[PDB]
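Each chain is listed here by its residues.
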Amino acid sequence: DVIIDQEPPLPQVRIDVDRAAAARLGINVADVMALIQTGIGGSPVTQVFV
Amino acid sequence: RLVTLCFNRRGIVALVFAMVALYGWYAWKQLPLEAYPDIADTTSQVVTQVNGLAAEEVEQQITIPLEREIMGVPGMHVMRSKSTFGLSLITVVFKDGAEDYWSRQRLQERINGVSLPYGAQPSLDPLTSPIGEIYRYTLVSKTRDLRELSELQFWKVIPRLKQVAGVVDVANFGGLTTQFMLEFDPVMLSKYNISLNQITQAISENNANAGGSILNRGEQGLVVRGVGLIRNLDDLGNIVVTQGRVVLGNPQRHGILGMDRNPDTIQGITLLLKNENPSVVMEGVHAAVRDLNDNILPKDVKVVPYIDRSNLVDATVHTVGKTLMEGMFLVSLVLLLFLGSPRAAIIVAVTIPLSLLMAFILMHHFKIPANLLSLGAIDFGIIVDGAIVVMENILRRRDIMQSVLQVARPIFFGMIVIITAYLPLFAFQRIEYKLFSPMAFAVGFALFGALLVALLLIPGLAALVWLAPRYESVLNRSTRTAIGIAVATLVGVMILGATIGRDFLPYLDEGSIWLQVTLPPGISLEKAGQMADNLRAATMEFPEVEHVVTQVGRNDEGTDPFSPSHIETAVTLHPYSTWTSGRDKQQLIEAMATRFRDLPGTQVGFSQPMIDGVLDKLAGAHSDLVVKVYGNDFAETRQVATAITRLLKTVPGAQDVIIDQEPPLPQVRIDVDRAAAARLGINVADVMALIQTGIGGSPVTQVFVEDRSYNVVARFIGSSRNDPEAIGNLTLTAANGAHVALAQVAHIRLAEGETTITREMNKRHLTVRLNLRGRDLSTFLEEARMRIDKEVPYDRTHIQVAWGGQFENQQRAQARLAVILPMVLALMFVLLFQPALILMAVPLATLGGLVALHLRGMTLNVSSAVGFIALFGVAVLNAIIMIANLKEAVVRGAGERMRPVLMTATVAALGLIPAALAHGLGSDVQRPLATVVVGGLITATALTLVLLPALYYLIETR
Amino acid sequence: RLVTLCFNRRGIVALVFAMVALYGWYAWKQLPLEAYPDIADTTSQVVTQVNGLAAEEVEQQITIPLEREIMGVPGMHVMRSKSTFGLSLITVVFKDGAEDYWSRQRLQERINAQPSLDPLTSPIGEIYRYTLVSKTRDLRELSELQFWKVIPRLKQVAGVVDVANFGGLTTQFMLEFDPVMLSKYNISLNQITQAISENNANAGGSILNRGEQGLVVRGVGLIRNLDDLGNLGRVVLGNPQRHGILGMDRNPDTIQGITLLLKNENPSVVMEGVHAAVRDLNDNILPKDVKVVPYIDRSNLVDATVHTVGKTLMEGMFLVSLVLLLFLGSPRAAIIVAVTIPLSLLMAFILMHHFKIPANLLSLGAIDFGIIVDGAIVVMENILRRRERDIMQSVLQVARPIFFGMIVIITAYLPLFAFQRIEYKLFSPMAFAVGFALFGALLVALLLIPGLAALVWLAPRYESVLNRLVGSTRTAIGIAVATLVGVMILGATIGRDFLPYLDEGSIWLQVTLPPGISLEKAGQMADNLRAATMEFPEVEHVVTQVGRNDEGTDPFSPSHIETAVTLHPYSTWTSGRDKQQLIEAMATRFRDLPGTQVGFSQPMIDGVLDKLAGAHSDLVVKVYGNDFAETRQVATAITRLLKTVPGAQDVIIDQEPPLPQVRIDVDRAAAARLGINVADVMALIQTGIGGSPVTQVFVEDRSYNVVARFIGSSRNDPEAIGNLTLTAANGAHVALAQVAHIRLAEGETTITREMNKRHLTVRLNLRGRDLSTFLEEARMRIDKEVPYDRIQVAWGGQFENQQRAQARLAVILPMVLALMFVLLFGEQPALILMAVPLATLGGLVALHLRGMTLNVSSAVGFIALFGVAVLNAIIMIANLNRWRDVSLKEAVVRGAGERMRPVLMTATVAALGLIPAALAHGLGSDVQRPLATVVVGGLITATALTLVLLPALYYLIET
Amino acid sequence: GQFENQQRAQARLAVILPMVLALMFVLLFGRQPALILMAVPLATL
Ligand SMILES: [Zn+2]
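Along each chain, residues carry numbers from 1 upward in sequence order, and these need not match the entry's numbering; residues missing coordinates do not appear. Chains carry letters and ligands carry numbers; both start at the beginning, A for chains and 1 for ligands, and go up in the order they are written. Values throughout apply to the visible chains only, these chains being members of a larger assembly. The side-chain figures draw on all heavy atoms in the structure; neither hydrogens nor water molecules are used. Residues with missing side-chain atoms are left out of burial classes, side-chain pairs and their counts.

A. Here's a closer look at the overall build of chain B. Here a helix means four or more residues in a row that DSSP labels H or I, a strand means two or more in a row labelled E, and each is numbered from the N terminus. For chain B, the count of helices and strands is 32 helices and 27 strands. In terms of principal-axis extent, the alpha carbons of chain B reach across some 120 × 85 × 55 Å.

Here's what the structure looks like:
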């Protein structure tokens, strides 16, 4: 048996942030990262107990 | 016993003895080489590295919480701490018998779970000994700059060296770390309404990538990436908070490292992991360095060491080897001259090397270091003695198993008594154990070996004309005058013994010299740099110095509390057999000391690297002796210590004397007016933020580049915080939202404060360092300790002037020494069970050692004590043999036994003769054993064949 | 064998024995003193402390998952846990052999809420209890003295792991809000606290240069005093709601410390350094008329123990020598055979010095001495009588029965290493000491001794009864067989325990009070309790610890008290009252203080009782089940039942009843229609009502919490709470009772989970009667109830101790008789083996004599008795069988009739060395008296059957 | 992979086999011991 262990490069949808734009638009890249991590990604907010 | 049957096993027993010898050599191969044993005890420091704070704010908020939460760790022996410019440094040293990792465990149990205000993270120092600094180097380059060299240091060199097993960490000094500096002009700060903290909590934000997990398309799942990470400075300059300068930079410098005409360079210190073997690791760091210079580093940038432990290792191997070689050579030569026959001479000679392998194998299989210092002091001429008698019988008998079985019993007896006296060397612990125990081990093992060889192989191996009857005359040559000479010479040993020095270490010369250089208080890094430069100028004038390196200030780790006013100087030398000059060693130190007294503002203390380390970890400060001045008030203790400093400076024994703690430095103290800020709507927090960030310059966030990381820092612009007026001009933002200069709500003044606070078990003191050079410890401490505690103005807040250094060290050492020494007497008295006179044949050698010591102006240190142990061990065998062979009975043995007695007294006091020669690194410890043993043996032998037989005819007949 | 070279080695063996003498004295001078062996097992507890929080938001999510992960720690044996207001504390006890730091490390690993580890100390580590006394100083001043002087000092004593404070007053800075001026001001408690907290910092500006100088910049904003705080309501000094209260002789409110002996360190040794510390405090540090004065001091117990053991060993010594003197007639021989005792002792210390074996005074007191010389006195008897030139011609006659007899007493003394835990820790140094000293007795009697060179009527009386043995086969074997069952049904009626009372210096109390009681009322009840305890002439001091302390290693409420009762020296007891009778006078008295339920124990043993079973009592009954109400019901049953049994003295339910709590739930939809967060409410309760500390002001090396909380009578009752206001989203005040159900609801006070089972504990003491018969009766009466099931019920405490001890006895017994018969093989052996019941008779009639039971101590006693008894049997049968091998019947009076003196002599010295150990008068004799009784009684009725039934046995069997 | 241990094991056998082939040489002591020691290859066949 013979195979390359590492899986080949997979596609990603990459959301880079244009600095100069959000600058000339008055926006923080933190806002975007929260948009992704929470809005797109979906981080847990708190812990419910039963 | 087995002497009977071993004879018929000649071939067989020879064969195994070859095989054993093989395993002998093999055992020597896998044997750890120590040129300088781990003298240090088991210690551990805890480091709290607050960035930008001053002493009063560091002692009360960290050193007090830590000491509160530490003092009861299972293992403590001494506990000290130093609080300084943004550093709580708590040194703990454990009792003798505590394992390192165990101790670090208990400690680390007690240090965590705390709560340190300014985000302070109490970590632990790397697991290493004072003598662990094994490889000091520097990055050289004609073309590249210090920033680039620093980058190489941080991202390639130190990492690579860290890959070497046995290397616990690599300590950096000098160079320039790179910050992303952001210069805020405070004018447009309280103009756009929002102030510092708004920025530093905004620019801290927009630099944290986002992961969006998996997004599905068809049968594929693409992970989502949000790249919101501040990269280059242009990604930085374009950041907004509402609708200033941006440059590469460096934090204010902890230290500056200098060298031969090189003011600003960079060094690494390779920290050996505790217990791991120096040379073994050294191979690794060597390969690593070569790999760096030849492959990793850019060509034109070379790693160049200036202190390497393997140098001392080579010097030691050379010297010790030379000693053993000359020893065995001289022993074989005297064997030739005293036997005549080369065959028998060689027969007895091979008892030496064979036994070594028999000693090695026992040390190897049961975990004993091949300590070179406690090996060069081996005698050889003591080993062969058993075999020698087995010869002296047989050769002077012309079967042979009968004479060998005859002399066997008086040899097993002699074996014990000589292998017994060495047993007390196992008593003393601490730093006098790691240095002399392997010697006694190797001797006992080589005595098991010597015995086995003499009784189970030696038999199987099958101008004096004026010296003979001259002795037969003096034998004939009065009981009152005899005991008169006996007692008188005895009081000779008592008087000459009572009048002698009492050191602890015979210096122990390393390759180089270490300096504790002390500059004026509260000076700038620049000025300190100038001064250090001039000191190196002054040092390089002497031709004996190879390289001179200065460390002003402190390394970036925090394992040293040092201010810019403090320098540590490494001074390397040329080989001693290469100096085109006439200077000695202490003469070189004295010369440098004279030259260094000619420079203004520079006080200089002399020591050596490893020993500076262990002296520090022992006393609490870097000097041979220290005088602690306990007290809760600083001014008082400083006054007392002033008196004690002048007082100790007085005595013609203390070569260096100075207070260890820097004076109260000045400081611009910005107090905050409470009632005013209240009457004006201002928060203390805002002021603190302005100071910490706008003046101090705290790093906002951190930027990544490849595998590298840098700190984005924001701070008020250049020419804005230059002086108290300017600082007072800086503004905040009230509830009115405009401008209020801190000069309206804060009292900004020039006060003074303590530089370092040396808390001692919650009993604050002030160290008074003192190095001695010339006078011993007893003659010195007599006058010193006499004068001091009787000239000091009691009492008030504490003020109990105590001592430290090799003081209690020597005290406990000698204490245990004289605890176990009389115990071995009765042990070697029941053995001799008549025993009274043989036991009384001991102080004969004493005066013999005393005359040679007095001759060479030495002292009664632990080394020479061991010398008297070997001496007392062997000098009794001659009595035993001149008694077993022995009113006219004197000539029944004396005239007969006179020949091997001299032969044993020649070979023993001739193996240590080349070990009585100075020069070369690695002889400093072994010499005082030689001075005792040889000189002792000469007189004690010259007397044992005179007063002892004249004492054997005065028994049970009077 | 080796007597040959020794006879010509007199001077040499003498000198070397002098050497072992010196090294023996030195060995004893380097041996640890243990008066009360670390009985405890390897245990450690984790403390998850949440300040001010109640008892269900502390167990639901804290104790449970922690119990899940921690249950899997290696070496775990028993896992208990308790959850309540303030905290969740989880106790873990490990298996034996589990090293401390190792275990604590595994625990610490697994627990990685803020769960911490308790100090590393044994339940008997509390070695020095004290109180700060003064006449002029106030409790706050004494509190600061405690906190910043005394404890920081005693913490320096090496071997002191920690010091536990109880009482006094921690000092804090606090503003007393009046929400009236919080109404239309729109600033919340959270903005108030974030503001008042964030402006407490001292920034540094690093280095600012000025020419050649470089000056550090110091910004100072650290708050220093309430003056700097004042820049509304009353801002003053104050103290947090009181932990517990500690009381003493008429003093209701003082302050105490508990010095905790670090695990596995020598108590007296550390007590030295503690004494140095305390002394230093009184002499030079503390203000005058402020003295740290102890009320419990382990040193006292060590004193009384070394006095008791010293007196015992001395009396035994002089009695044995009295026997030797009376017997041999020659004081010379008496002395030369007596000097085996000190020789062996010195020769046993060395072996304990190098094996690092401690010097248990409790077990060294139980050395027979007269059982050591039996290896030597038989030789002397065989020389100074039988022989009447060549000494070692006579020492060879009785040599074999001596080497083999003594290796038999050694192989018999051997299997004490079988049992583990407490019954091992108690009786282990004795086994070794006796072993080594026995081998020393062997090495002396046949070595150094050869180098050394009314009975009238007792003589022929013996000859007469021996002539009665001529015949009477069925009568002799009649006596034998009849007395066999005659003792088999005498030890069948004997009571069984696990160990005697073991008297310490004092008496400990687990005093239980009515539920929900305030700290003031609790304090008064304790005041009364203590005033009734002082109504006795024998009580030196009485200390109450009502409520909780500072650390949190106890989950106690004001309804809980632990009391320490110190006594006068028994020597000075004017009132004719036994200690047990003092205890029952105390119990009766306490059954006349209203609401005051009192558990009886001791300060050291109570701890190990608790760590072992669960609660602080000798016995417990655990009623398991996941339902609070029902388990408590069944527990009510078991309580009412057990408290009727004549053996059970105190009986209670360890878990306190549910209590009312004024409970504030939040109305979701209400605050959804008023725009309010539940967090605003919780802030109001935690900061405003609860009074959470906001920041931390520093003064010198001291520090204090700055707290913000509403003033008193603003949180007075549920109405007042509900009536104070909090702003909303519309920028206007809103009353609390508008969005939150403030009511009164009953909740649980304490939840105890053991082995992942909710249980309630019926704790009870065995005092009054027996253990075997008692537990038999009560446990039998338990099976009546147990209304299943929805619930399991178990017994615990010294019940398990009894079980393990008994099982170990049954394991050990046949193990020794194997080797014992094996050694007795060749040099038929069953004849000699059956000498054990002969000794068993006296060993059991003596227990009934003074009024005792059958504890592990007395068991070991029988293990000892068997040795000397079988030694006498061996000597008899050997000298008999060798003398001879009717003409054979003549040997029964010849080879046996002349063994009268050796046997009697041995059986006397071995039975008079333990007579002083059969004395009780003193602390430290409360474990020796069992072995003493068993041996002394079982040897004075064993010899009479060794010299009568035994020769007849030999004559009857060999034909 | 397994070749690290392959080499380790095999080389180890290449180390500690004369460890005994010299030990048995000496042990066997009735010249002739060589003859008795040649029993090894015959078995190896
Ligand atoms: Zn250093």
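B. Spotlight on the domain arrangement of chain C. All names here are of chain C. Considered domain by domain, chain C is made up of domain 1 (1–37 + 298–497 + 798–959), domain 2 (38–169 + 243–297 + 498–657 + 748–797) and domain 3 (170–242 + 658–747). These domain limits were set by an automatic method or by a database of domain assignments. Between the C-alpha centres of domain 1 and domain 2 there is a distance of 43 Å. Accessible-area loss on putting two parts together, using a 1.4 Å probe and summing over both, is the definition of buried area adopted here. Summing both sides of the interface, domain 1 and domain 2 together bury roughly 3400 Å²; the carbon and sulfur share of this comes to 60%. The largest per-residue losses of area from domain 1 upon contact with domain 2 belong to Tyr 36, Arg 298 and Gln 798, which jointly make up 29% of the total buried on that side. The salt bridge criterion pairs a side-chain nitrogen of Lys or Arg with a carboxyl oxygen of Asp or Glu, the two atoms within 4 Å. Seen at the junction of domain 1 and domain 2, the total is 1 salt bridge. Note that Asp 41 is salt-bridged to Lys 425, the shortest N-O span being 2.6 Å. By the criterion applied in these results, polar contacts are pairs of N or O atoms within 3.5 Å in which, for protein atoms, one can donate a hydrogen and the other can accept it, and in which residues neighboring in sequence qualify only through two side-chain atoms. For the pair domain 1 and domain 2, the interface holds 17 residue pairs in polar contact.

C. Examining helix α20 (residues 579–590) of chain C more closely. In a helix, the anticipated span is given by 1.5 Å times the number of residues less one. Spanning 12 residues, α20 of chain C covers 16 Å between terminal C-alpha atoms, matching the ideal 16 Å at 1.5 Å per step. Against the buried residues of α20 of chain C lie β16 (506–512), α19 (519–533), β17 (539–547), β18 (560–567) and β19 (597–601) of chain C. Contact between two residues is taken to exist if any of their heavy atoms lie within 4.5 Å; hydrogens are not considered.

D. Quick look at the sheet that holds strand β29 (residues 759–764) of chain C. All names here are of chain C. Should DSSP find at least two bridges between two strands, the strands are regarded as paired. Read from one edge to the other, the open sheet built from 4 strands follows the order β21-β29-β20-β30, with strand pairing classed as antiparallel. Pairing within the sheet leaves two strands with one partner each, and these edge strands are β21 (651–653) and β30 (793–797). The sheet shows a mean angle of 20 degrees between the axes of neighbouring strands, direction not considered. Here 3 bridges tie β21 to β29, and the two strands are oriented antiparallel to one another. Within β29, the residue paired with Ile 653 across the bridge is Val 762. Every axis in this analysis is a line fitted to C-alpha atoms, fitted for helices over the stretch in contact. Angles between the N-to-C directions lie between 0 and 180 degrees. Its contacts with the sheet put helix α22 (residues 628–642) on β20 (619–624), β21, β29 and β30, and the angle it makes with β29 is roughly 15 degrees.

E. Here's a closer look at the interface of chain B and chain C. Each side of the interface is counted separately: chain B has 52 residues, and chain C has 42 residues. Of the roughly 4400 Å² buried where chain B meets chain C, counting both sides, 57% is carbon and sulfur surface. Taken together, the links from chain B to chain C amount to 2 salt bridges. Among the secondary structure elements, those contributing two or more residues to the side of chain B that touches chain C are α2 (55–68), α3 (100–111), β22 (665–672), α20 (674–678) and α21 (684–696) of chain B. Each residue gets one of three labels, nonpolar for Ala, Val, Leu, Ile, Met, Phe, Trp, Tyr, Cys and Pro, charged for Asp, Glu, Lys and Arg, and polar for the others, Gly among them. Grouping the amino acids of the side of chain B that touches chain C by side-chain chemistry returns 27 nonpolar, 12 polar and 13 charged. As defined by bridge partners, β22 of chain B adjoins strand β10 (residues 213–220) of chain C across 5 bridges and the pair is classed as parallel. Across the sheet, residue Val 668 of chain B finds its bridge partner in β10 of chain C, namely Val 217 of chain C.

F. Broad picture of the pairing of strand β7 (residues 160–167) of chain C. Residue and element names in this part refer to chain C. Remark: exposure states derive from per-residue accessible area (1.4 Å probe, protein chains only) relative to the maximum for the residue type, with buried under 20%, exposed over 50%, and partly exposed in between. Counting buried positions along β7 gives 8 out of 8 residues, so the element sits mostly inside the fold. Across 7 bridges, the pairing between β7 and strand β13 (residues 255–262) is antiparallel. Residue pairing across strands places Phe 166 opposite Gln 256, the latter belonging to β13.

G. Looking closely at the domain arrangement of chain B. Residue and element names in this part refer to chain B. Domain parsing of chain B yields domain 1 (1–37 + 309–503 + 806–958), domain 2 (38–176 + 254–308 + 504–663 + 754–805) and domain 3 (177–253 + 664–753). Look at where the C-alpha atoms of domain 2 and domain 3 centre, and you get two points 35 Å apart. On the domain 3 side, the residues contacting the 20 residues of domain 2 number 13 residues. For the pairing of domain 2 and domain 3, the buried interface totals around 1500 Å² over both sides, and the portion due to carbon and sulfur atoms is 50%. Between the two partners, domain 2 and domain 3, sit 1 salt bridge. For the salt bridge of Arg 253 with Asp 264, the shortest nitrogen-to-oxygen distance reads 2.4 Å. Counting every contact that joins domain 2 to domain 3 gives 6 residue pairs in polar contact. Among the secondary structure elements, those contributing two or more residues to the side of domain 2 that touches domain 3 are α4 (146–162) and β12 (255–259).

H. Fine view of the interface of chain A and chain B. Taken together, the contact between chain A and chain B spans 21 residues of the former and 25 residues of the latter. In this assembly, chain A packs against chain B so that about 1900 Å² is buried in total across both faces, 58% of it on carbon and sulfur atoms. By residue number, the principal contributor to the side of chain A that touches chain B is helix α2 (residues 29–41) of chain A, which donates 7 residues. Residues belonging to the side of chain A that touches chain B are distributed by class as follows: 13 nonpolar, 5 polar and 3 charged. The pairing of strand β1 (residues 12–16) of chain A with strand β10 (residues 220–227) of chain B spans 5 bridges and is classified as parallel. Bridged to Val 13 of chain A within β10 of chain B is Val 224 of chain B.

I. Representation of the packing of aromatic side chains. Stacked, edge-to-face and tilted are the three classes for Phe, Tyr and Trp ring pairs, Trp counted by its six-membered ring, which pair at centre distances within 6.5 Å; planes under 30 degrees apart are stacked, over 60 edge-to-face, the rest tilted. Scanning the model with the defined rule gives 26 aromatic pairs over all chains in all. Centre to centre, the rings of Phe 180 of chain B and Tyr 710 of chain B are 6.4 Å apart; their planes meet at 50 degrees, and the pair counts as tilted. On the basis of relative accessibility, which here comes to 8%, the residue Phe 180 of chain B falls in the buried class. Residue class for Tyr 710 of chain B comes out buried when judged on its relative accessible area of 9%. Among the aromatic residues, those joined into a cluster by ring pairs are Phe 355, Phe 417, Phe 432 and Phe 436 of chain C. Directly above the ring of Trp 102 of chain C sits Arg 106 of chain C, whose terminal nitrogen or CZ lies 4.5 Å from the centroid. Over a ring means this: the NZ of a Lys or the CZ of an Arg is within 6 Å of the ring centre and within 35 degrees of the ring normal.

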